[PDB]
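When reading the values below, keep in mind they use all heavy atoms of this one structure, side chains included, and skip hydrogens, waters and symmetry mates. Lettering of chains follows the sequences in order, A, B, ..., and the numbering in each one begins at 1.
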Amino acid sequence: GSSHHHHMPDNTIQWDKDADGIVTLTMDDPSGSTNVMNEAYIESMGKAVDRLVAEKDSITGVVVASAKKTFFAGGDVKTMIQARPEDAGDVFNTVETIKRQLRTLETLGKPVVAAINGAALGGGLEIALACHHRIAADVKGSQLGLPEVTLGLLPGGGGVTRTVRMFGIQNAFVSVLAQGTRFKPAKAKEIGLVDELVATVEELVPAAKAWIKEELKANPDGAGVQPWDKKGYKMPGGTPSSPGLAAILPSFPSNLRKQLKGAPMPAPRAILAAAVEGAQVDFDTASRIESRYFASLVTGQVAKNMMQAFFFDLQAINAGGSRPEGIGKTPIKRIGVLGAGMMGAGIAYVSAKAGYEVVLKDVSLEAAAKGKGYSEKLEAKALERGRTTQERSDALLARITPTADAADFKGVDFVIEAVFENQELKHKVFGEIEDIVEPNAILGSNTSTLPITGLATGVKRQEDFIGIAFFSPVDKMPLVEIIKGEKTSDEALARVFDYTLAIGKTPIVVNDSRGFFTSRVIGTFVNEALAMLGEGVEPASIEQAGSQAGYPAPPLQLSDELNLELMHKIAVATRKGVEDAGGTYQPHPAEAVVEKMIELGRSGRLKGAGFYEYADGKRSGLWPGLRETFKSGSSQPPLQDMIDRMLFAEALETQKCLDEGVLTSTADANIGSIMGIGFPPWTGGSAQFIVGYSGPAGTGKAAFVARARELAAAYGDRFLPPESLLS
Amino acid sequence: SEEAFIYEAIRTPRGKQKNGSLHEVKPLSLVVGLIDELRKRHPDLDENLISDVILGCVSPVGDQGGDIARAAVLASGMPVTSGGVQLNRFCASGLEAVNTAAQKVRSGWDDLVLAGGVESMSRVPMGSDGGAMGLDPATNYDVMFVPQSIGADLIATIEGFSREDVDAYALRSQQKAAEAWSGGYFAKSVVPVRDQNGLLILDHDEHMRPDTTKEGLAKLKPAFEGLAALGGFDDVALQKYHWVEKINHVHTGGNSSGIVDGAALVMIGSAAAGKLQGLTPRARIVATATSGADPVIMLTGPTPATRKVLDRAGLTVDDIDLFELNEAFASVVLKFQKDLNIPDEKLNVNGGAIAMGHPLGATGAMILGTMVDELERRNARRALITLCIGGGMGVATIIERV
Amino acid sequence: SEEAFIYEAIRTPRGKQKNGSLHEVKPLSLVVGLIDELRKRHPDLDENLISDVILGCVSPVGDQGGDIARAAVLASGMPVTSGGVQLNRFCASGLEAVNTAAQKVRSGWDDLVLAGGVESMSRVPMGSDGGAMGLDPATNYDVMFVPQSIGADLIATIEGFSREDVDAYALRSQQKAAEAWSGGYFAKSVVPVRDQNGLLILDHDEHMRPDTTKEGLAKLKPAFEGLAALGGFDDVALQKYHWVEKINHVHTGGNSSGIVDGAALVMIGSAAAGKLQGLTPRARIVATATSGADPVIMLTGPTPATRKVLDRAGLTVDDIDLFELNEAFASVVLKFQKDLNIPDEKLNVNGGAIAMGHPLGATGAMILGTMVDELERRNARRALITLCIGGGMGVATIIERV
Ligand SMILES: CC(C)(COP(=O)(O)OP(=O)(O)OC[C@H]1O[C@@H](n2cnc3c(N)ncnc32)[C@H](O)[C@@H]1OP(=O)(O)O)[C@@H](O)C(=O)NCCC(=O)NCCS
Ligand SMILES: CC(C)(COP(=O)(O)OP(=O)(O)OC[C@H]1O[C@@H](n2cnc3c(N)ncnc32)[C@H](O)[C@@H]1OP(=O)(O)O)[C@@H](O)C(=O)NCCC(=O)NCCS
């Protein structure tokens with residue numbers, strides 16, 4: 001009814017008591033290489049906590065260590081994703097039991113030291129936060145934080161309640177909880193997550209026992225007592241009833257709604273609510289409030305979407321799901337880059353930053369120096385003044401050898417072209433070193449719209465030609481869209497798949513088709529907004545609908561960076577592509593809006609005038625002439641219809657890519673839309689959106705096709721669901 | 001059934017927030033001072049007939065906590081059977097106390113009731129009582145809390161009221177309030193505050209700046225620019241009002257209501273209680289109404305509340321001689337005027353809170369008695385009093401001169 | 001004119017102060033939980049007809065500040081035209097909200113009004129709002145402030161109620177409350193409090209001690225002996241009551257009301273609004289009255305307030321079937337019974353605050369709905385509800401079953 005056990009699993013904790021009376025709980029989950037907060041942990045920790053209370057007369061200190069390479073990494077994702085609202089009681093009881101074990105360990109009357117050897121993430125850090133002293137090994141790769149918000153969850157194992165007690169409402173929320181930021185051992189010591197650092201892992205447990213022997217002699221009265229358990233505790237920054245905090249407290253939910261732009265992501269709201277409500281009551285009552293908010297997220301649909309995408313889908317991508325099965329790992333010596341643009345020169349950055357000895361060449365040495373100049377004044381001018389290992393930029397800069405046409409790319413096993421999107425130019429560019437590089441070399445292409453099959457005809461070894469599409473900026477964008485040509489071998493796809501992982505990026509495999517996946521799907525999002533402007537919808541509403549939907553940038557603003565003249569070139573090329581195939585072309589209503597804007601000379605940010613005004617490299621407000629040009633205000637649909645029209649357009653089109661064979665898995669559709677198209681993370685991807693849709697029609701796939709037919713009956717037959725959805 | 005009449009309506013002068021004359025006077029004394037004045041006007045008044053004392057107060061904490069209405073009954077030596085109750089409907093608390101008192105009389109279960117308000121903002125600052133709509137993140141996030149000043153700038157942004165438009169009304173309020181004091185319009189209803197020795201503390205509305213010029217108002221800075229930027233409340237308001245691109249911040253310290261101290265008191269009773277106490281009725285409460293509108297802009301409550309009380313009384317906008325809307329912000333009055341198409345000559349004819357200040361809990365009762373005097377001074381019949389309320393509420397009252 | 005009828009009357013269970021189940025629930029949630037329950041009973045109810053939400057609250061500060069009634073309207077998704085106002089007449093705030101709502105209906109200017117109260121004493125302790133009657137020395141010295149507990153012992157001293165006499169009533173309250181729960185008297189009106197996930201938080205009045213014995217009550221210590229000695233409040237009370245030699249301190253934790261959390265809500269409207277919304281009237285508000293008595297003993301207000309509402313309705317003590325006086329202290333009920341000579345069988349028939357607790361702002365509305373159920377359960381007609389108030393006030397209400 002009220003214990004350390006949840007109502008026959010394997011034991012995951014090893015007991016060890018020395019002659020001094022110090023107990024060392026070594027966490028070592030046998031089924032797995034990492035300690036996970038699963039059912040085996042709950043029963044094992046329950047037994048160990050019961051034993052700490054039973055032997056409390058012969059125990060003087062506790063040391064919580066780990067036997068894995070890391071410390072402890074979160075909870076069992078496969079169980080939490082199955083939690084339905086009917087299981088709210090079981091979820092509540094489980095996290096109550098976990099916290100009750102930590103609370104007993106915390107109020108044991110004895111100092112408990114956490115020996116953090118590796119990464120302590122999620123529930124792992126919560127276990128260390130229940131201790132009284134935390135020692136971390138200062139080694140790179142040991143992250144510390146509470147990343148539950150990234151999965152649509154909250155730190156429901158005391159993470160919210162304890163960090164707020166340690167740092168206050170504002171500091172714990174902004175720096176730790178709201179974003180789930182991860183810290184290095186030296187950085188966590190700076191803020192105060194861990195208390196002291198050791199050089200090596202071998203000196204961790206002996207230092208933990210040394211601190212207990214010193215804490216018992218120096219501070220015997222306050223031994224094993226947390227600050228919030230002592231009489232006279234004052235929360236940093238005050239309580240909600242303090243006049244200083246209560247003056248700025250009304251701005252906390254408004255600034256959160258400002259950062260989220262009104263997107264329907266419930267986790268940060270629940271974190272802030274639980275943190276402030278917990279700050280008004282005692283610790284145990286605060287812990288219980290945290291449990292009810294946690295149960296509210298896990299049983300919700302948004303947390304299921306993000307766990308599906310940011311855990312299961314992303315793990316399947318890195319597991320080689322789309323990698324050709326049974327292909328060996330071929331080596332890689334030198335890399336040849338042909339591009340000095342914002343995206344071309346950035347490709348040479350991520351490759352040289354991993355040790356590859358790349359050779360950049362872009363026409364004469366003037367553009368090549370400008371291409372190499374993109375890494376210059378940025379490889380260390382805005383990077384050396386950073387965190388750690390700024391004196392190792394030599395191996396990351398001496399590798400890249402920028403030259404011009406004088407160099408013939410001698411002994412290069414990988415070519416990544418990144419010039420202007422021109423067919424005839426791309427043919428002869430690769431033909432300059434077709435027989436000069438290594439006999440077995442990849443011929444990549446960073447194309448966005450041109451079919452990769454036709455580009456392969458410009459080289460003899462077409463089996464090694466393949467599309468390798470990056471995203472600007474290459475140093476900050478993690479998605480790489482690999483486009484498979486008609487004659488692209490699986491060995492080439494495997495070599496490019498392994499390259500993207502060594503870079504640190506996330507690959508997706510795409511078959512050669514019109515617009516591929518990212519460009520084709522993002523076009524329907526932009527086209528839907530332009531169509532609404534032509535219908536008479538206020539431009540301010542269209543931008544707000546895009547922001548509140550979850551997109552990182554509103555669509556009309558995005559239509560200025562993606563130049564309207566470049567959008568018109570895609571429209572005329574798709575027309576000539578389907579008419580020369582025999583069929584008839586049906587223009588999208590967004591085309592007439594584009595043709596009007598280019599007629600007024602407002603082509604976008606490049607010229608300095610588009611849907612917004614621009615002056616001195618800064619974006620101003622919307623152009624006042626839009627309201628009279630497109631009769632803004634004559635059409636006032638519901639804001640949720642504007643949001644759904646933009647979300648369903650990308651949802652129906654990503655389904656067609658799966659039907660047409662452009663994508664081979666919904667994991668590519670979900671991760672590809674999140675990391676390349678800017679699809680809202682709370683949806684879990686453009687494919688997860690159809691199975692996790694929720695609205696006035698209901699929830700699931702049946703409610704999606706019902707809402708789709710409702711949008712189709714009011715905004716055009718393009719919103720009719722495909723036959724693959726079985727309507 | 002039984003009609004409700006106003007027999008007396010008095011108030012104190014309004015002392016300003018910074019270096020104010022009333023800062024040394026505790027809020028209870030302001031109410032007791034008005035009770036003593038009501039005793040001077042009717043010494044033969046049998047105070048045992050008074051069954052209730054209803055005071056509105058927006059920050060009922062500290063000096064204003066613990067049911068200050070009951071504290072005023074006991075401190076003033078009123079009979080122990082005179083009740084005493086504090087209420088809070090934000091900025092309309094003063095008028096809500098009047099309406100409740102009139103409705104208690106109209107039910108026949110109460111004969112003679114004292115109603116009013118009190119607010120010492122220099123001693124008990126606004127927001128001292130807390131609240132969930134602002135301090136509780138779950139409800140703040142759900143209701144989309146936006147301060148009243150941000151909603152006032154959004155009203156000017158939506159309706160197209162420029163900085164010069166709101167500063168123009170602000171100048172007019174200073175002028176009409178200055179002409180009202182010079183003409184002796186307020187000599188009979190403003191009761192000078194005195195100390196326990198009888199020495200004068202304050203006898204005039206010291207927040208007024210009678211020498212205000214249109215050029216001097218244009219030199220003032222928008223007092224709510226940093227509130228909207230650092231608080232992100234502009235982004236919140238524009239998520240609800242998505243068709244508005246940017247909020248034009250036009251309200252400053254010269255076109256917004258003043259933060260002042262003050263109290264007001266009205267005496268309401270049935271016709272039977274008036275003749276039994278020898279009291280002559282000054283005006284009759286025609287009808288009261290409570291409505292509301294969107295809480296994000298918060299300040300558009302008076303419009304549906306005014307229409308409802310007009311329908312209850314079976315009247316139109318043309319049937320009312322004087323309109324009195326509290327001048328919380330300039331754009332609120334300009335928007336209320338545009339909503340119902342009211343001539344500028346019959347709207348806040350003696351100036352309002354922009355010049356004389358806005359003592360939250362007392363303002364509703366102050367402007368009510370202000371209209372009682374103007375109906376008798378002009379020999380007009382009907383007047384409508386309404387105020388904008390936090391959370392998007394609205395309260396309106398129609399009175400008829402007797 | 002228009003009669004006022006009670007259509008619904010619900011309340012939450014009362015959670016105790018120490019290790020209470022409702023300590024984790026903010027006061028706003030208790031009111032929203034009752035609003036949601038009223039929605040379940042009438043899904044076709046047009047909430048736009050609701051013109052007011054009147055909640056009594058004695059400590060309107062922190063979680064209960066900023067007009068919590070309006071916060072409940074917005075947080076529960078009620079229409080923005082539904083008003084929202086907080087009032088404070090101390091311990092009678094819950095019943096005063098009901099009376100005001102009934103009087104608003106009886107004036108014809110309001111059709112359907114929601115009335116109730118809310119008090120989370122475990123989160124917002126009594127006296128957190130301050131007040132002049134206690135914290136201002138001039139008025140404390142003049143009014144001769146004496147805490148309510150000292151006045152309760154003085155009532156037992158004057159009337160000769162012994163320690164065994166008050167402990168006898170305390171035992172009876174535990175018994176009648178235990179029999180009321182076991183008999184299912186409260187199953188239809190006590191709405192269990194649940195969290196946002198639907199999990200149960202509290203479904204019963206956890207302050208009750210059903211296994212109370214007369215021997216166990218005699219073992220308790222007078223909880224107000226140190227208050228009277230260190231505070232000198234006994235000397236103050238005996239200066240006003242000079243013929244009393246010494247105050248007999250008889251009230252302890254077993255014969256005084258409990259400090260608990262809770263909320264209550266009642267729906268009042270005219271007969272026209274009931275037929276228009278398909279609502280069946282449960283009882284009719286016959287008459288309301290507000291009186292008072294000496295504020296030093298403070299707790300003798302119910303007697304003149306009860307006589308006044310009996311004269312207003314033209315009735316006698318014999319015309320009422322059920323008397324419900326809040327059990328603030330045992331001697332208050334014994335004194336009220338001796339004043340009007342009421343049989344013990346018809347006085348607080350289902351137990352009271354001594355067993356189930358006394359949530360200040362909500363108690364008046366809780367015991368009102370308690371009497372609505374007993375009138376329909378017993379098929380009786382009339383019931384009288386009254387409470388003792390701080391400052392010596394008194395409020396009484398008579399209801400008739402329909
Ligand atoms: C608008 C507000 C912030 C101004 O506060 P403030 O800065 O203390 O106001 P002050 O008038 O004392 O100062 C403002 C400046 O404008 C000037 N000013 C104000 N009115 C002026 C006038 N008519 N002519 C010339 N100057 C004027 C002042 O002299 C001052 O300039 P200074 O500082 O150089 O002397 C404040 O009055 C307010 O918030 N209003 C209340 C509105 C409200 O929220 N009420 C309802 C609460 S529920
Ligand atoms: C009287 C009062 C001071 C008691 O507070 P308290 O000491 O916290 O009350 P508790 O009942 O928790 O504790 C009192 C003791 O009596 C015991 N007790 C109470 N009722 C009992 C019963 N029926 N049978 C047996 N023991 C009982 C308790 O168990 C406790 O003994 P313990 O401490 O050994 O456990 C408090 O209830 C009070 O002030 N009442 C409110 C009255 C009031 O002022 N209200 C209006 C405000 S405007």
Side-chain angles (χ1 to χ4, degrees), chain A residues 250, chain B residues 58 89-96 126-127 131 133-134 143-163 165-166 169-170 173 222-224 227-228 231 233-234 236-238 240-241 244 247-253 255-259 289-308 323-340 342 347-348 352-354 357-358 360 363-364 367 384-396, chain C residues 66-67 70 73-74 80-84:
Chain B
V58 179
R89 184 175 274 172
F90 293 135
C91 292
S93 306
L95 185 61
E96 238 303 314
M126 49 181 180
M133 281 168 50
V143 190
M144 300 177 296
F145 172 73
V146 167
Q148 62 286 353
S149 60
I150 306 305
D153 293 338
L154 185 54
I155 285 178
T157 301
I158 291 175
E159 302 295 335
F161 300 147
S162 71
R163 168 67 176 274
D165 296 331
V166 291
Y169 181 84
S173 179
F224 314 113
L227 169 65
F233 299 107
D234 267 8
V236 176
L238 295 185
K240 176 74 173 186
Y241 291 83
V244 178
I247 291 182
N248 184 18
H249 296 279
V250 301
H251 289 93
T252 73
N255 46 26
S256 303
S257 61
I259 301 176
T290 297
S291 184
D294 173 62
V296 185
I297 29 82
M298 184 183 304
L299 310 176
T300 64
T303 297
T306 297
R307 280 195 171 99
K308 187 175 182 178
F323 289 95
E324 184 79 1
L325 171 67
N326 184 41
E327 309 179 337
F329 300 92
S331 69
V332 180
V333 178
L334 291 180
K335 196 261 188 302
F336 176 78
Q337 177 181 18
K338 178 187 177 181
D339 283 1
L340 301 176
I342 297 179
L347 182 57
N348 296 334
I354 290 181
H358 174 35
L360 303 186
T363 303
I367 63 179
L384 195 147
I385 299 91
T386 180
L387 302 87
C388 65
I389 318 176
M393 285 183 286
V395 168
Chain C
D67 186 0
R70 181 56 176 184
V73 174
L74 306 181
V80 298
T81 62
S82 296

Test side-chain contact (heavy atoms from CB on, under 4.5 Å) applied to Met298(B) - qualifying residues, sequence neighbours left out: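 Residues passing side-chain contact (heavy atoms from CB on, under 4.5 Å) with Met298(B): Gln148(B).
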
List for me each residue that meets side chain to side chain donor-acceptor pair (under 3.5 Å) alongside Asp294(B), sequence neighbours excluded, and say none if there are none.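 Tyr241(B).
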
Kindly indicate, with the supporting measurements, whether the criterion side chain to side chain contact (heavy atoms under 4.5 Å, CB included) is fulfilled by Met126(B) and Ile259(B). CA-CA 9 Å; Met126(B) 49 181 180; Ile259(B) 301 176; 3.8 Å; yes

Any heavy-atom pair between the side chains of [Y] and [X] that's under 4.5 Å?
X: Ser331(B); Y: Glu159(B); value: no
X: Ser149(B); Y: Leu227(B); value: yes
X: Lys240(B); Y: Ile297(B); value: no
X: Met133(B); Y: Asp67(C); value: no

Side chains of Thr290(B) and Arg89(B), donor plus acceptor under 3.5 Å: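 Looking only at side-chain atoms, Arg89(B) and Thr290(B) do form a donor-acceptor pair, the distance falling under 3.5 Å.
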
Nearest 0.5 Å, what's the [atom1]-[atom2] distance between [X] and [Y]?
X: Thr386(B); Y: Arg307(B); atom1: OG1; atom2: CZ; result: 12.5 Å
X: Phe161(B); Y: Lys338(B); atom1: CZ; atom2: NZ; result: 5.5 Å
X: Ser256(B); Y: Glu327(B); atom1: OG; atom2: CD; result: 11.0 Å
X: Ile342(B); Y: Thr306(B); atom1: CD1; atom2: OG1; result: 7.0 Å
X: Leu334(B); Y: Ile155(B); atom1: CG; atom2: CD1; result: 10.0 Å
X: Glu324(B); Y: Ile385(B); atom1: CD; atom2: CD1; result: 7.0 Å

Mind running side chain to side chain contact (heavy atoms under 4.5 Å, CB included) on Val395(B) and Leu387(B) for me, showing each step along the way? CA-CA 6 Å; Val395(B) 168; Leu387(B) 302 87; 5.9 Å; no

For [X] and [Y], work out which heavy atoms get closest and say how close.
X: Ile247(B); Y: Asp153(B); value: CG2-CB, 3.7 Å
X: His358(B); Y: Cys91(B); value: NE2-SG, 3.3 Å
X: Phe90(B); Y: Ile389(B); value: CB-CG2, 3.6 Å
X: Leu325(B); Y: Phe336(B); value: CD2-CB, 3.6 Å
X: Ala305(B); Y: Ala396(B); value: O-CB, 3.5 Å
X: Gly391(B); Y: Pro295(B); value: O-CB, 3.3 Å

Answer yes or no: is there a donor N or O on one side and an acceptor on the other, between the side chain of [X] and the main chain of [Y], under 3.5 Å?
X: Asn248(B); Y: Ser162(B); value: no
X: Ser173(B); Y: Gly352(B); value: yes
X: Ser257(B); Y: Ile354(B); value: no
X: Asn255(B); Y: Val250(B); value: yes

Check the pair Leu154(B), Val146(B) against side chain to side chain contact (heavy atoms under 4.5 Å, CB included), reporting the backbone distance first and the verdict last. CA-CA 11 Å; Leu154(B) 185 54; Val146(B) 167; over 6 Å; no

Test side chain to side chain contact (heavy atoms under 4.5 Å, CB included) on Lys335(B) and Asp339(B) and set out the steps. CA-CA 6 Å; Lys335(B) 196 261 188 302; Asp339(B) 283 1; 2.8 Å; yes

Can you name the residues that form a ring-ring contact (aromatic ring centres under 6.0 Å, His included) with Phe329(B), not counting sequence neighbours?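 Partners of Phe329(B) by the ring-ring contact (aromatic ring centres under 6.0 Å, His included) criterion, ordered by chain and then number, come out as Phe224(B), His251(B).
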
